[PDB]
*Asks:* 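Can you keep this structure in mind? I'll have questions shortly.
In each ligand, atom 1 is the first atom listed, and ligand 1 is the first ligand listed. Note: hydrogens, waters and symmetry copies are ignored here, and every other heavy atom, side chains too, is used. When a residue number appears, it is its place in the shown sequence, counting from 1.
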Amino acid sequence: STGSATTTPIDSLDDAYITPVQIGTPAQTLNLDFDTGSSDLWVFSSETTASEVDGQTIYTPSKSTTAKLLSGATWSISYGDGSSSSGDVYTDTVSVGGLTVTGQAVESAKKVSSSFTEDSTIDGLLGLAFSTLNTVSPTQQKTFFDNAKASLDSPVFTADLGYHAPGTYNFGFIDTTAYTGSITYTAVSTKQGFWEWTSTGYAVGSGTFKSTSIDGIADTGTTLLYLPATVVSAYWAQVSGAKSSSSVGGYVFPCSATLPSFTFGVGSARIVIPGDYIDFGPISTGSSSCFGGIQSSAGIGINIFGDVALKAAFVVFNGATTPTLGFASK
Ligand SMILES: NCc1ccc(C(F)(F)F)cc1
Ligand SMILES: NCc1ccc(C(F)(F)F)cc1
């Protein structure tokens, strides 16, 4: 079996993407953020403190004839940006784009941090990293992908994110009309639970390609591109008037500048991020300083190929027993 679902940016800056997901019987449709950097499926629900809910669609287990409380199970998660949430655990039927899993763990939020409460368009997260990162205690739970793997035609899913436009998550098959050229595959380390790989280098604009190993994670759940300070400094040095701002918390640049492209290496292939993808617009309304989409990973501890990078490619997440990541131009 296969599944296919359209994914839509939540705002005009592509800050995040939501995908409709059917939970329960009869279906309750929620718009979830598909996150290859985490491994919990959690949702706003009828159990969430009512003051922490501001326009989200909520899952109501009491209206689902297939929902079962997972007795004694709890969950608690903290994200790399300081976000957090926690609650209890149901099992229920979950369908994405025609692909159905029964007995999926649905983590029901009793408490959510303020940054989820303010994002009215995101009803929850659907984690697609490896199940070793799932936070359910005492019995760890499997991801939607891990539960579906058995019945998929091929144990893969693909991410085709759009630039200021809808895109597609496909489960179980590779759409060979959605990319150009060949897919280059590269090895994944699952040792920290992430889709972790090693990029073979970079170039700024039409500069020379610098061969250098950059280890990092493919994370659809992270908006920007976070790279080592030496790389990020070499990129912004080509933008007249760009500077790192401690009050803003990253590199900013004059909104009137044109940004160079950024190339990253996948084995011997090259993925080019157009300069326009790196503009995240004014730091505040009316400002002439704009926020950069490539920032340093020094304060984070790991390099993150987030949406800025992934939306420049067709990306295959191959969850074969030896996992790999595939990249193609599109
Ligand atoms: N998108 C999920 C996520 C968030 C933060 C991190 C960090 F910061 F721990 F690397 C990894 C994955
Ligand atoms: N990387 C996971 C993640 C995804 C979204 C959010 C936000 F934007 F909803 F706060 C926080 C953390």
Side-chain angles (χ1 to χ4, degrees), residues 7-19 21 30-45 48 52-58 75-86 107 109 111-135 143-145 157 159 161 169 188-190 192-199 214-229 232 249-250 280-281 291 293-311 315 317 325:
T7 191
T8 302
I10 64 160
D11 57 24
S12 53
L13 294 182
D14 298 347
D15 278 317
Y17 297 81
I18 48 173
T19 308
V21 178
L30 272 72
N31 299 329
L32 307 191
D33 184 356
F34 282 23
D35 181 9
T36 61
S38 70
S39 306
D40 283 48
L41 196 176
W42 74 258
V43 295
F44 278 82
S45 72
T48 311
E52 303 179 357
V53 170
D54 187 14
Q56 288 91 354
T57 293
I58 81 178
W75 64 279
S76 188
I77 207 182
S78 282
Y79 298 93
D81 69 313
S83 297
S84 72
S85 47
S86 68
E107 311 172 24
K111 228 208 173 303
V112 305
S113 51
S114 63
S115 64
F116 295 107
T117 286
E118 308 176 347
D119 268 320
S120 288
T121 60
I122 298 172
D123 305 325
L125 262 63
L126 192 138
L128 293 168
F130 292 91
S131 293
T132 60
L133 294 180
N134 177 266
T135 74
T143 68
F144 179 81
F145 182 50
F157 68 95
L161 305 174
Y169 278 105
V188 164
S189 176
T190 64
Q192 317 209 81
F194 295 117
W195 291 91
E196 189 176 359
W197 62 291
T198 305
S199 173
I214 301 162
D215 177 281
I217 62 158
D219 185 2
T220 62
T222 288
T223 310
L224 306 180
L225 179 49
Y226 291 94
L227 289 176
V232 178
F280 273 74
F291 194 68
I294 293 172
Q295 297 297 338
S296 173
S297 64
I300 285 168
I302 201 192
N303 298 310
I304 302 174
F305 290 85
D307 295 338
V308 161
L310 301 181
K311 72 175 117 164
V315 188
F317 294 79
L325 266 183

*Asks:* How far apart are the closest heavy atoms of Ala109 and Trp75, and which atoms are they?
*Replies:*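 Result for this residue pair: CA-CZ2, 3.5 Å.
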*Asks:* Starting from atom 6 (C) of ligand 2, find the nearest protein heavy-atom neighbour and note its residue, name and distance.
*Replies:* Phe116 CE2, 3.9 Å
*Asks:* Show the numbers, then the answer: is there a side-chain hydrogen bond (donor to acceptor under 3.5 Å, both in side chains) between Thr19 and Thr7?
*Replies:* CA-CA 5 Å; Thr19 308; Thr7 191; 3.0 Å; yes
*Asks:* Which residue, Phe317, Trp195, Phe145, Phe194, forms the ring-ring contact (aromatic ring centres under 6.0 Å, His included) with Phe130?
*Replies:*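 It is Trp195; the other options fail the test.
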*Asks:* So, is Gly221 polar-close to ligand 2, with some N/O to N/O distance under 3.5 Å?
*Replies:* yes
*Asks:* Need the ligand 2 atom indices (1-based, order shown) with element for anything under 4.0 Å from a heavy-atom of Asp33.
*Replies:* 4 (C), 5 (C)
*Asks:* With backbone taken as N, CA, C and O and side chain as the heavy atoms from C-beta onward, which portion of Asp81 lies under 4.0 Å from ligand 2: side chain, backbone, both, or neither?
*Replies:* side chain
*Asks:* Give the numbers and elements of all ligand 2 atoms closer than 4.0 Å to a heavy atom of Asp119.
*Replies:* 7 (C), 8 (F), 9 (F), 10 (F)
*Asks:* Counting only heavy atoms, which portion of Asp35 has something under 4.0 Å from ligand 2: side chain, backbone, both, or neither?
*Replies:*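 It is the side chain that touches ligand 2; the backbone stays farther off.
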*Asks:* Backbone N or O of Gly221 within a donor-acceptor pair of the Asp219 side chain at under 3.5 Å?
*Replies:* yes
*Asks:* Among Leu125, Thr223, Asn303, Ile302, which one puts a heavy atom closest to atom 10 (F) of ligand 1?
*Replies:* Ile302
*Asks:* Any idea which atoms of ligand 2 are less than 4.0 Å away from a heavy-atom of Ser83?
*Replies:* 10 (F), 11 (C)
*Asks:* Atom OG1 of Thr220 and atom CG of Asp35: how far apart are they, to the nearest 0.5 Å?
*Replies:* 5.5 Å
*Asks:* What residue and heavy atom of the protein are closest to atom 12 (C) of ligand 1, and at what distance?
*Replies:* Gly37 O, 3.1 Å
*Asks:* Enumerate the atoms of ligand 1 whose separation from the nearest heavy atom of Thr222 is less than 4.0 angstrom.
*Replies:*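 Close to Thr222: 1 (N).
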*Asks:* Has the side chain of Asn303 got a donor or acceptor atom that lies under 3.5 Å from a matching backbone atom of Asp215?
*Replies:*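 Yes: the side chain of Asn303 pairs with the backbone of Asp215.
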*Asks:* Return yes if a side-chain donor-acceptor contact under 3.5 Å exists between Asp40 and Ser38, otherwise no.
*Replies:*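 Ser38 and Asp40 do not have a side-chain donor-acceptor pair below 3.5 Å.
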*Asks:* Donor-acceptor pair, distance only, cut-off 3.5 Å: does the side chain of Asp123 make one with the backbone of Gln56?
*Replies:*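 No, the answer is negative, given that no donor and acceptor are paired below the 3.5 Å cut-off.
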*Asks:* Give the atom numbers and elements of ligand 2 that come within less than 4.0 Å of a heavy atom of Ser115.
*Replies:* 10 (F)
*Asks:* Who's the nearest protein heavy-atom neighbour of atom 8 (F) of ligand 1, and how far?
*Replies:* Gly80 CA, 3.4 Å
*Asks:* Identify the protein heavy atom lying closest to atom 1 (N) of ligand 1, giving its residue, its atom name and the separation to 0.1 Å.
*Replies:*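 Residue, atom and distance for the closest contact: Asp219 OD2, 2.7 Å.
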*Asks:* Does the ring centre of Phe34 sit less than 6.0 Å away from the ring centre of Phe157?
*Replies:*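 Not close enough - the centres of the two rings lie 6.0 Å or further apart.
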